[PDB]
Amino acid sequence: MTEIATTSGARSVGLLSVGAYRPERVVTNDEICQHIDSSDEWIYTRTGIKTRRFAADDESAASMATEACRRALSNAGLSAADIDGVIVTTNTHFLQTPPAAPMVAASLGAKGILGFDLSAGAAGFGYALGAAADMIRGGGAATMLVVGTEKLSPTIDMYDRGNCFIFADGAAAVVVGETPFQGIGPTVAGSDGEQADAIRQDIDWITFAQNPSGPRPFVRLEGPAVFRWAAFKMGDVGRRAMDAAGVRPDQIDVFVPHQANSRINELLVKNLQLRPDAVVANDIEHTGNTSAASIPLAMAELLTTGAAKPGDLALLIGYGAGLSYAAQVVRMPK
């Protein structure tokens, strides 16, 4: 008999940079209301959204992901050659196959590197970040790209009074690699598969394919149900993430929850009992909810405005579809 080798990589792993891509076209609340009975004022006070970006027709979750990666690499002072793997997290790659990751890799000039697509609603970034961290620590890679990307706008039913003003397009990537001190806390994650219907595609693609004369699929949302779940449960998730990371709530400088809704997030702020001067991500204002892309996009907004600084202690909480959640403490990149 023989033994399978026991291996390990670098223990200390961190975020080296963030890179954000936001589509050109700006969509105002007045524009969104062109098919629903609503107002700009209502939408804003209910969601915290003022505007959002929609990508062009020639753009995709993969294409925006690539731009986001190019930017993250630039901000890290690295090239494609430095990366060992890419995990794409998204809910809007509109192909059963091929995966987006290998495509992104080839467009970056690193066609050979490992990679896969990971889906878990808005929690995808948290799961993907944790996954890169585990892999790097396990020695399966030294440096990786983790990119959240979303082209949600083609899934929106403009007549849906419950959600048409919520979702938007964009991508953001983080470079993950070895750092002098631990930059990514342990992953806290879970789900509620009993509420799988709360955020969904209503009609599966095959069903749609077989009945073209029926309705087409759209994103459907049980808003209040999600609101209750998130505002009620994400305080404990955050607490477990900070506990695993061995940091107190008073030590958090930056709160970056998934940008689902500003009312939920400000509720989670009070709940987590961060300190008064704690910086709270509000990228939802002109970005809207970009699911898997929301957290890294928000990290980038906090950094480009200087509201957050490199090295700040941050709490990331992703929550959403399937009813999935993932959270971790991290040191801000760049």
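The first residue of the sequence shown is number 1, and the count goes up from there.
Novice: On mean C-alpha B-factor from the PDB entry, just flag whether 50-58 or 28-36 is the higher one.
Specialist: The deposited B-factors put 28-36 ahead on the C-alpha mean.
Novice: Looking at 126, 235, 98, 139, which one carries the largest C-alpha B-factor according to the PDB entry?
Specialist: If I rank 126, 235, 98, 139 by C-alpha B-factor, first place goes to 235.
Novice: If you rank the chain by CA B-factor, which third does residue 19 end up in: lowest, middle or highest?
Specialist: Its C-alpha B-factor, which the entry lists for residue 19, ranks in the middle third among residues of this chain.
Novice: What third of its chain's C-alpha B-factors does residue 322 belong to: lowest, middle or highest?
Specialist: Middle third, going by the recorded CA B-factors of the chain.
Novice: Could you say whether, by C-alpha temperature factor, residue 178 belongs to the lowest, middle or highest third of its chain?
Specialist: Ranked within chain, residue 178 CA B lands in the middle tercile.
Novice: Going by the CA temperature factor in the PDB record, which third of the chain does residue 293 belong to: lowest, middle or highest?
Specialist: Ranked within chain, residue 293 CA B lands in the lowest tercile.
Novice: What third of its chain, lowest, middle or highest, does the C-alpha temperature factor of residue 224 fall into?
Specialist: For residue 224, the deposited C-alpha B-factor lands in the middle third.
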